[PDB]
Amino acid sequence: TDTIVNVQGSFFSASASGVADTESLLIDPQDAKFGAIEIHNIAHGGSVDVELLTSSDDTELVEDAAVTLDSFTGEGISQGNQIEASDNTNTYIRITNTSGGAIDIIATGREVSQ
Amino acid sequence: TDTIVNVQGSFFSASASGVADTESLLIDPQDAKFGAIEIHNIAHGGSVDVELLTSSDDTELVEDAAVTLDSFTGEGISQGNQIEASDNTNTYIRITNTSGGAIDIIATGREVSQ
Amino acid sequence: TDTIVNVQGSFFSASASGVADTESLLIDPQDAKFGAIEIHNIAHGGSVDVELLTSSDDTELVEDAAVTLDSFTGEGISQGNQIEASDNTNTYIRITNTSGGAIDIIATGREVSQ
Amino acid sequence: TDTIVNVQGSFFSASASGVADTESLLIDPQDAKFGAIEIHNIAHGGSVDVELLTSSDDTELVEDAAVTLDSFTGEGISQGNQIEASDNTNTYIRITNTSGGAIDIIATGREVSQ
Amino acid sequence: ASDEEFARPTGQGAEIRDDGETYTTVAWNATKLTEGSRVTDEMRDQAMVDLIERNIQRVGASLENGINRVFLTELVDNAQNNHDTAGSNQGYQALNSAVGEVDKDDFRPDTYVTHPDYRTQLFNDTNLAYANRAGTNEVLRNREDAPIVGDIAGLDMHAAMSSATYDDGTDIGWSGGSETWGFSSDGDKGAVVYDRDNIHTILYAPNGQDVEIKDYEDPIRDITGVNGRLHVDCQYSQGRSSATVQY
Amino acid sequence: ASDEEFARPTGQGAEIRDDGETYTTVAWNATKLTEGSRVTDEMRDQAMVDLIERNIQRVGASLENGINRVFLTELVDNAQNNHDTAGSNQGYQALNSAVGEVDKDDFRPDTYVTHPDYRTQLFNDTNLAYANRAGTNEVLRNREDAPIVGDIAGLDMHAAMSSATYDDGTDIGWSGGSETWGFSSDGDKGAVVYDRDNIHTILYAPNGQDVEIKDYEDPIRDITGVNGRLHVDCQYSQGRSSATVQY
Amino acid sequence: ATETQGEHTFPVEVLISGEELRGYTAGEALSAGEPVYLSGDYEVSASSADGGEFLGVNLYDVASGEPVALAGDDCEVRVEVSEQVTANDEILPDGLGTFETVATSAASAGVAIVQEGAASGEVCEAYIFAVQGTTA
Amino acid sequence: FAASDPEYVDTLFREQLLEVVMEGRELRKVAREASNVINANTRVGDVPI
Ligand SMILES: [K+]
Ligand SMILES: [Mg+2]
Ligand SMILES: [Mg+2]
Ligand SMILES: [Mg+2]
Ligand SMILES: [Mg+2]
Ligand SMILES: [Mg+2]
Ligand SMILES: [Mg+2]
Ligand SMILES: [Mg+2]
Ligand SMILES: [Mg+2]
Ligand SMILES: [Mg+2]
Ligand SMILES: [Mg+2]
Ligand SMILES: [Mg+2]
Ligand SMILES: [Mg+2]
Ligand SMILES: [Mg+2]
Ligand SMILES: [Mg+2]
Ligand SMILES: [Mg+2]
């Protein structure tokens, strides 16, 4: 019988302006208050590779495992993804610029419980 | 055993009537009470560019990063999006008119917790 | 009237770095604190078979029923899956490397109640 | 303001190893604690016919209504279904083997409130 | 005086090494705050009220308000710790987290200043609003006047502040602080949790200790004037002993 | 002494078999902690404060902080049980789970030692923060001075410790423990739950019992000095009587 | 060399241990922790790079012509380094009012030994063990 | 070196032994309360059911 209103998530985003021609945005779940993230949107100002990494350290990134998820070309948005990472699992997402020049990257999603 | 009725979290909308030939609807998460927004719908009375911006300032838009998400042409509805923005991430959504005259724009979605 | 904020799930992931040319990653629901898992993302550094197994033992894998769900070619991401397994049903998910060399495998999802 | 974590409600599964050439796995909502089930996944080690039945008896299957939902060919997975069954509405799901020999069947999803 | 440190693990018969008390200072310079009022002889006579007594009271009030501005501007701007609520858990948890920040730098705060918007938010907090969760109905019924509102998170004092007291730089001849005082939008500072003994209002006056009121006649124009002055600075002795709550 | 064991099932008229009490030791090796300070005679004359007394206080405090570092470092590093919270149920549940790990090894803990971040999160726990869940509003009101904080999960003492006191190995002359003291990130140890009778702080002084402060004058350089010394070790007698809480 | 504790900056105590506290006259304005050499008769000025110019470190800030105290050899001292130093690195004056490693300098031998490692612009702890003057 | 305790630890004094020996783990004793206790007159016997 009890009626309750549900606000449907806690917001997350990482962004960088003018990241160089081989540099990267590191989406680190340590920056989330709940320790885990689910990235839905990647808006890219040029071509990018998305890479999912595990660290061999609990806190810093030292590559244990790495997989390139997809390559996006041109300027645009990918939306409705569920790219998942957390601190206790030591998971990081790296968006790497592959344009011949600087680009803007804006990734968004929601926090998830650890 | 306990049974709860779930109602969806607060509605959000931004609108403008007669936005001029190169002017824009600045959708600002500051106007939401939970501080973050998820735009599902963009109803456009003519052709528009959608742009996602991060500000270098906490409460006014001074462009740090800008990505053009998509171009919509003609009059119609884009729906089922998850275009995501929040005040604390300093994220703004801009819809720019590209028609040869004035148009009406209505964006709707829901609030997310900041 | 009462308004609540919903943070989703509890995060679950299994990973392996450099799993050998014919070896496997065994995703075990016993590693989840709620005892059941729903895998959404499988990221694979090369070609893999996904296999769903029931065990005849409460705690270790002793194969009873086995089904190969699908085979993924190349390097990439499978997302939006719902492969489900739990401890008291003794269900298991095996990712088998078929690439002929060492690969990295990352599975992510969320915990579910037993 | 009050913030809550949502973990998804109970996992459900039925499975059979080496079901014969014309025999069936019968998924019965009596086996769920909440009395009702939603089947998302059907994993089949060979071809199967899926059939949805209503019983004329509250506790045993005594067929009243029967619909063949679909036929799946070869080995594989069907995922993202919402096949729905309840004990109080006396509905059952039958997965029938139609391969020329014995197969393994695993079905999964979640419990729903009766 | 510098923070206390730790002794060194030392060998037997080895030289004891030096790490003595190192010292610095906090400077003050007291800004002159002044307020003036003029009344014509004809007006002083004709009014039903004592206009000069009125203007003396106003001048004293305007100076007291100035003291509070200098205090709040120092307190908000120069707090070394911060708790970012990020639009969430604003209330008791935010206060507790602010005390957590001051505790982590090893001071115990005892006081908090609050914006009207923060007060509004705080009394909406289910932890204080629901008599159940609060242990009394005092907040639900008496609001800010409740004994718990001066006895939360280990704090012994609530300093209820005004919306307008902080230096926005929007007031005439006031230049502005670095922060925003409020609880409405990202980056607003709505409360400061602090040690009352580690922030100093510093008052200077040439002719006494407190506000100086001077009257003057203008026999050329038939005006009487009233002026008030005080010099005030405000300074933290230890800015780490305070934490701002951020929206 | 060795743990308690079990008697054996035996025939009638059969030889009783032996399993005698078996013994070992834990060794203390008290490390000299030292702290020096030096002052010129010209500084000592000109200063408005007595700098020597003030340096005597610094030396005293600095040695005391050293006792606390040795204690906390041993306590955190050498606890044989751990509770992994994995960023979840941090609060009373983590505390009860830590008592659980000690209880599994057949010791009763009575004391807990807490980091500022852990204290913060603990007082955010709805179990303590809501007066109905806690049975009292003392946590909401008085925070750490609440008698319930000294009386959680069968424990009867709370020891609030500072973030700087664990040996990170960043401080000069200190080699660092194996753990991270904190409650901020994955793997940090933020609380220790233990029997206070099973951890020993061993103090040695040649010239009494407590800290010794010695002074010297240099007539060649016009420098007056102050030195403090104490020898301390910390050792567990039963490291299993103790559990860390991990983020 | 200076120490931050919140909003407060504190002056670094240059001397850790030692009694080689020798007195001179300042040939220029000298700052606490600055390496110095003999510029005239019992007169000391700021050391230049690449060696041959080191008697000690200046213990307190002075103007030109004022009496100055040096920590000589056989003192443990807190000194600002211009580069990253590890324990056991030999260091000598960089000429910038700060110390650098012998490995970086054109010189083949140092004047102090690093006891505590530091990053560029930070305080290391060093033990002074040698003097450098004019060999030609 | 010059006479120091770490060279004469077993030459000029013995290391202290604490006179308090310190207990191992003690197990929980409950059975006498947690059960009906029969003080039997014989080693072997029967209860009728
Ligand atoms: K020498
Ligand atoms: Mg981690
Ligand atoms: Mg961990
Ligand atoms: Mg903003
Ligand atoms: Mg099992
Ligand atoms: Mg079982
Ligand atoms: Mg039925
Ligand atoms: Mg120091
Ligand atoms: Mg701090
Ligand atoms: Mg009343
Ligand atoms: Mg903010
Ligand atoms: Mg034995
Ligand atoms: Mg154990
Ligand atoms: Mg109180
Ligand atoms: Mg010496
Ligand atoms: Mg018998």
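Numbering of ligands and ligand atoms starts at 1, following listing order. Order of the sequence lines fixes the chain letters, A, B, ..., with proteins taken first and strands second; residue numbering starts at 1 for each chain. Only this structure's heavy atoms are used, side chains among them; waters, hydrogens and symmetry mates stay out.
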Practice task
Hey, can you tell me if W181(E) and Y166(E) have their rings parallel, tilted or perpendicular (30° and 60° cut-offs)?
Solution key: tilted
Problem - Closest non-hydrogen atom pair, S17(A) against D64(B) - result: OG-OD1, 2.8 Å
Problem - Metal site the Mg ion (ligand 11), protein N/O/S atoms found under 2.8 Å - result: 2
Handout entry: Side chains of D84(E) and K33(A) in contact at under 4.5 Å (non-hydrogen atoms)
Key = no
Practice task
Identify the heavy atoms of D188(F) and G182(F) that sit nearest to each other, and give their distance.
Solution key: CB-O, 3.2 Å
Problem - Worked check of side-chain contact (heavy atoms from CB on, under 4.5 Å) between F99(G) and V77(G) - result: CA-CA 12 Å; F99(G) 285 82; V77(G) 291; 6.0 Å; no
Practice task
Taking only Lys NZ, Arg NE, NH1 and NH2, and the carboxylate oxygens of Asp or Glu, determine whether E38(A) and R110(C) approach each other closer than 4.0 Å.
Solution key: yes
Fill in the blank from the handout: Of all heavy-atom pairs linking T85(E) and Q90(E), the shortest is OG1-NE2, 2.9 Å
Problem - Residue pair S86(B) / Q114(B), side-chain heavy-atom distance below 4.5 Å - result: yes
Handout entry: Minimum side-chain heavy-atom gap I27(B)-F12(B) below 4.5 Å
Key = yes
Exercise for the section: For the Mg ion (ligand 15), count the protein N, O or S atoms found under 2.8 Å away. Expected result: 2
